[PDB]
Amino acid sequence: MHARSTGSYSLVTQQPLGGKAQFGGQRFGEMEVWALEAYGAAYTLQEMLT
DNA sequence: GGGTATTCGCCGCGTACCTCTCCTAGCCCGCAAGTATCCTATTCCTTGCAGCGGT
């Protein structure tokens, strides 16, 4: 069981770290982006990767 | 030249997460530490020159 709201940030590319050791967040993988595009949902996707 | 066959080389092969370990090799030069050696004294003996009483 794990959670993250606002923690650290990677260095080269500003994205949340990964893994439970560091306080990282989950990964909104490619297939999930496809899935969100399949709905009419556009605002949520745009915010979720911007 | 030309239509064809055969070979060569490049491109590709699922998502998300958890645990662990390990991450250049070799030379070189200053440098700390530890040591064997060399000069430093003391005691005995036998010389060589300058003062010195004595007449």
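Any residue in segment A:16-39 that is at negative phi, in a loop (DSSP other than H, G, I, E, B) and of a type in the set (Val, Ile, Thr)? No. In this structure, does A:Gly7 turn out to be within 8 Å of DNA strand B (Cβ to nearest atom), surrounded by 10 or more Cβ atoms within 10 Å (Cβ to Cβ) and small (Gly, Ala, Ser)? No, not satisfied.
Residues in segment A:24-46 that are within 23 Å of A:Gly7 (Cα to Cα), surrounded by 12 or more Cβ atoms within 10 Å (Cβ to Cβ) and either in contact (Cβ under 8 Å) with a residue 60 or more places away in the chain or away from DNA strand B (no atom under 14 Å from the Cβ) (or both): A:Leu45 alone. Filtering segment A:12-23 to residues that are within 15 Å of DNA strand B (Cβ to nearest atom) and among the aliphatic types (A, V, I, L, M) leaves A:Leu17, A:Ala21.
Throughout, read-outs are computed from the coordinates displayed, never taken from laboratory work. Here Cβ is always computed from backbone atoms with ideal geometry, including for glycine, and neighbour counts include all displayed protein chains.
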